[PDB]
Each structure stands twice: as structure tokens, then as C-alpha cells.
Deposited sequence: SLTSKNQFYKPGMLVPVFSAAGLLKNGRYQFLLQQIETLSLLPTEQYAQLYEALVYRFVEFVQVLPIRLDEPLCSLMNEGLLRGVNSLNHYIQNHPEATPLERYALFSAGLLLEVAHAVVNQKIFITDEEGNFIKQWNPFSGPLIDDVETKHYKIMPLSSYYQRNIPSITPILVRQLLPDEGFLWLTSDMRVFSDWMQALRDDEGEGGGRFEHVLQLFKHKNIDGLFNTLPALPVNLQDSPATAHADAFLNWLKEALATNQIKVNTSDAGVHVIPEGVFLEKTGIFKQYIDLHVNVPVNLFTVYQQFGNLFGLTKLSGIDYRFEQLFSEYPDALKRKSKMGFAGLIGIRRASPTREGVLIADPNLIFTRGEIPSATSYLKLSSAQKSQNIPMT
């Protein structure tokens, strides 16, 4: 069992690459038999669904403290084992009911690919290229996408799971599959209810969750993932991890005159000669200058890339009069730095402070 380490690069796999182990191919063979469908239709409906699911979730974990591959493997187990158990209780289950249950068990947690993290597509060095939009398709739609970073989000977006799930299910199901589900309104209704987690399928899905299910498959392999270093961002990764902990335990002034971090309605502002310098000056034994940490932060969030629209160089605008009375200015108002549009990538373990002095 392998876990993601903050800041490492993950390779992208094809669904063929993720499904190559004999255990996954035996599961597909067993699903075909449970499906009651001819081979052409099993391939169209079930096989295509699995491949599109795996391509989409890749090796992402169900939650960030869970093992890699857990999203795909728990999906596949829930689907095959629920379907097997249900059939054993209801031998008359129709082909449509079977597809409905399988797809519900498979896709149950698919929204975790959206809410738990943002995915930064990078080059082999870790430089940001673009941010994955899961609603436009899987990572593999772009044949040049080879590596990505997992950027954790606060728990704030978990509230949207009930809205995201139905969208992503229709996005991932073959068109003919979704059309067939809509051809019976009672099945469709119970399928949509099943997908809502927290109807005829509620009992078996519950048994699955309490590990009380009779399974065809006990376990699925977790293939080894060669996580790689991110040399072009490493100091910026250490900076970010530090900033997250220090915000999580109120170690940093935010929104005051003194502080190098400000929350405005447009996001979280990180002032260069503020929060970055503070980090340098706190850590006297780490071998990096402000220039390099700031540049690497630029590399990490795509500050030079037009695709990185959420992360940009900004300047914000009493302060001078203060330095004249309390300092030596008596002998520019603007503050210089990086704006991150979604503070949930920075405040990942407590409340986002309210917007509160400097403006654009």
C-alpha cells in the first residue's frame, strides 16, 4: 500500500495500463457473465464504462490519507460484489437492474476526483503546464499529458458531492447506457437514489459498506506507482507545506498591516517581501534565497502560463505615513505578490478568513 507524498509527480496511465493485471481481466469476464448480455452489448455498456471510469480516476485515492488506486479498486469491488450479492438474492433481476446496480456501485465516489484535490498537469521537472478540468474529460484526452501533481483542497467542497455525482455519471456512462437507464423510471429513480449514498439497491450497497457482502472478489492489486521528484518546484513545495501548517495553527498575521498574507474577495494574496521573506528568515538552515523560492512558486502555480488563470501576479494598494512617524521614511504604496483565486488550496485545514484593507 502506497500513499501520495505532498509535492511528488504521478505518472499518467492509460486504462489498458491500469487494467492489465489478470485479476481485473477476470473481474471483467465475471461481470460479462453476470450481465446477461451478449458480448457486443457487454463491451458497449459495461466494458466501456469501466475503461472510461479508470481513465478518469487514474490512481487517485478515495481520500488523501488512503492508498493510491483505492478510488478505482473500491469502485470495481463495490460494483462486482454488490451485483453478485444482489443477483444471488434476486435471481430474476433484469439486465437493466443489473447494469444499474453495477454502475451505481462503480461510480458512487467518482465526485472525489473533483472535490478532494486539484490536479496540476506538469512537465517531467514539475513545472505547471495546465490545471485539469475534470468536467472536460479525463487526463488522457491530451496525449501530451504525462505527469501531474495532486494539490489538496479543504473539505469545503464535500457539500457539492450530491450535485457533482449525477453530472459526472452522465459524463462517464456510454450514451446508450444512460439512455437505457432512462427507459424505466422506477429503475432510474432507484439508481439515482443509490448514487446519493448518505430504493431496491439501498440494502446491498449498505451491506457493502459494512463489509457484510458475499463477494466474488476479495481484493484487487495496487500496482506500484513510480512517484517522481519535482526539482523545478521543490523549495516552493516546502514553502507551501510550511505555509499551510502555520496558517492551520494561527502562526501568521493575515489581513493586518504587518502581515504578508491577505484575503480579499478575489482570493488569497501572498506578498513577496512579506510571507516568502518571513519563511526565509524563520528557516536559517535551508539553502535557498528569496529569489529561488519565489521563482519556484511561480513554476509551481503556472505564473508565466496563460492556462494558469487562477494564479497570477498582482499588486494591491496610511502605510507610508506610518513609516514616516514610526520608521525613517521621513528622511510606493503598492504591495507586490501572488494571488491564488481559490483559498481552499491554502487554508486546507480550517476556516477561510473573511475578506478584510488592501484592494486591486
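- Absence of C-alpha coordinates is noted for several segments of the deposited sequence, namely 1 to 5, 204 to 208, 328 to 331, 346 to 351, 377, 382 to 393.
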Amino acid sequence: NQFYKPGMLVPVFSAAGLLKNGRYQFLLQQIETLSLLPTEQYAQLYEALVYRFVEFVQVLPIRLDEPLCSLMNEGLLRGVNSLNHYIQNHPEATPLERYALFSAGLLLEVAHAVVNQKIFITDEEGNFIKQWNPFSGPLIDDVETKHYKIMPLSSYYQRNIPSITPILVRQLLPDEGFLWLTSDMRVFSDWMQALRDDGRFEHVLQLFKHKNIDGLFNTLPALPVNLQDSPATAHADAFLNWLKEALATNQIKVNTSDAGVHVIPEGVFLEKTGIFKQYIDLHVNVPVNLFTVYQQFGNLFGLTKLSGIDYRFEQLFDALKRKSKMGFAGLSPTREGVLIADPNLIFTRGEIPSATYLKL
From here on, numbers count along this sequence of modelled residues.
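- Of the two stretches examined, 50 to 58 and 320 to 328, the record assigns the greater average C-alpha temperature factor to 320 to 328.
- Comparing 131 to 139 with 232 to 240, the stretch with the higher mean C-alpha B-factor in the PDB entry is 232 to 240.
- Within the group 93, 115, 286, 121, the record's highest C-alpha temperature factor is found at 286.
- Of all the options 154, 160, 189, 250, the entry's greatest CA B-factor is assigned to 250.
- Per the deposited record, the Cα B-factor of residue 299 falls in the middle third when ranked against the other modelled residues of its chain.
- Among the modelled residues of the chain, residue 274 sits in the highest third by CA temperature factor in this PDB entry.
- Per the deposited record, the Cα B-factor of residue 126 falls in the middle third when ranked against the other modelled residues of its chain.
- For residue 337, the recorded CA temperature factor ranks within the highest third of the chain's modelled residues.
- Annotation for residue 73: CA B-factor lies in the lowest third of the chain's modelled residues.
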